[PDB]
Amino acid sequence: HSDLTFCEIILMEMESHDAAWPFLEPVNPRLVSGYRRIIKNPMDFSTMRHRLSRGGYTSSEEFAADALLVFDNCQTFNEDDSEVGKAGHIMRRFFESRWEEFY
Ligand SMILES: CN1C[C@H](Nc2cnn(C)c(=O)c2Br)C[C@H](c2ccccc2)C1
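Residues numbered from 1 in each chain as written, not as in the entry; some residues may be left out. Heavy atoms only, no water.

- Method of determination, as annotated in the archive: X-ray crystallography, at 2.3000 Å resolution.

- As recorded in the PDB entry, the chain goes by the name Bromodomain adjacent to zinc finger domain protein 2A, listed as coming from Homo sapiens.

**So, the environment of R49**
- In this fold, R49 is placed in helix α3 (residues 45–53).
- Distance in space between the C-alpha atoms of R49 and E8 is 8.7 Å, their sequence separation being 41 residues.
- Those residues in contact with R49 that lie beyond four places of it in its chain are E8, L11, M12 and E15.
- Side-chain polar atoms of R49 contact the side chain of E8, separated by 2.6 Å. (Helix = DSSP H or I, 4+ residues; strand = E, 2+ residues; numbered from the N terminus. Contact = heavy atoms within 4.5 Å. Polar contact = N/O pair within 3.5 Å; in protein donor to acceptor, adjacent residues only side chain to side chain.)

**Digging into the site of the ligand**
- Lining the immediate surroundings of the ligand are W21, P22, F23, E25, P26, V27, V32, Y35, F77, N78 and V84.
- The separation between a nitrogen atom of the ligand and a polar main-chain atom of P22 is 3.0 Å.
- One of the side-chain nitrogen or oxygen atoms of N78 is found 2.8 Å away from an oxygen atom of the ligand.
- Within the complex, 61% of the 530 Å² of free accessible area of the ligand lies under protein.
- In a pocket analysis with a 2 Å cut-off to the grid points, the ligand is assigned to the largest pocket. (Near = heavy atom within 4 Å. Areas by Shrake-Rupley, 256 points an atom, 1.4 Å probe, with all protein chains shown as cover. 1 Å grid on protein atoms, 1.4 Å probe; cavity = no way out; pocket = protein on both sides within 12 Å on 5 of 7 lines; lining within 4 Å. Sits in = over half its atoms within 2 Å of the grid points.)

Printed below as a string of structure tokens:
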């Protein structure tokens, strides 16, 4: 229970972060050419929110695996110096630093 209690804290903190704007909602493949071809397993914060809401996280490791998938997919598709990429690095570093502050 305290496992998923820390996940609520960090997801709420990521949900409200300045640099979270590329990750609050699923990428729209109709708007992003080549996205479905390149990104096999899309992931985003609202999908993690939904899954946390309906209780579909058994351990805290599953939650972190979805979070890292967001920034993996981000680095796979965007240049590090693009504006999404820049936001993803800020968000990736935030997540790891907060995650280690508990574990
Ligand atoms: C849903 N969400 C997905 C988009 N995130 C993106 C867009 N393009 N690429 C290549 C990505 O990797 C991501 Br994540 C950002 C979009 C938006 C948000 C704010 C302002 C402009 C666009 C709204």
